[PDB]
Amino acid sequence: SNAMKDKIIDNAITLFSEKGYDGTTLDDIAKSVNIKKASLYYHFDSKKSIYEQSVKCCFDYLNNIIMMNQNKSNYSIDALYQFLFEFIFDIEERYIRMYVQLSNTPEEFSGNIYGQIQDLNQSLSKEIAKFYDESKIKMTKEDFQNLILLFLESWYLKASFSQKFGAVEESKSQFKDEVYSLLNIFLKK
């Protein structure tokens, strides 16, 4: 136990991350905690409400990776890799897989979800900015932020794909080569 509401939402994040909104059924969710479909209604009013709550949990998790980066980082150029690794290859891969699946959200209520996406981007940009050192980096702090953000954005899909298709070690190796190359691009010699 002890909280059926949380059990449904934990199971739902998994189902949604694997099949997306349109492909995940209330029956799937109910089966996954061993209750009848109608018993979901003890905890939620709709499928859309189960999804919204699962999406909030997903953003809570991702935002927390960022917030926690300051207990783990001296913000040197060398610490930047560790940060980008932890965000793309987090112990629990369903969260990034879920973020990619947001692209299947009911266009109905994408406004709140869109806000969460912008908020997460703001927070990620702010964390990247702490690694900026004008004397070491041959571009503005804004261009450095945009570059690293796009680097991470290309990897969300690439990491989801490699997880889904069981090529994760090969993917981490490519990422390591690409971050090396990224540092080479922006570091003054």
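For every residue, the number given is its place in the sequence shown, counted from 1.
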remark   = Ranked by mean Cα B-factor in the entry, 61-69 and 24-32, top stretch is 24-32
ask   = Which is higher on average in the deposited entry, the C-alpha temperature factors of 84-92 or of 106-114?
value = 106-114
query = Which one of 123, 140, 162, 46 shows the biggest C-alpha B-factor in the PDB entry?
reply = 46
ask   = Sorting the chain's CA B-factors, does residue 149 end up in the lowest, middle or highest third?
value = lowest
note = Chain-relative C-alpha B factor for residue 155 (record values, thirds): the lowest
remark   = In terms of its chain's C-alpha B-factors, the third that includes residue 4 is the highest
query = Based on the entry's values, in what third of the chain does the Cα temperature factor of residue 131 lie: lowest, middle or highest?
reply = lowest
key: CA B-factor ranking of residue 55, expressed as a third of its chain   = lowest
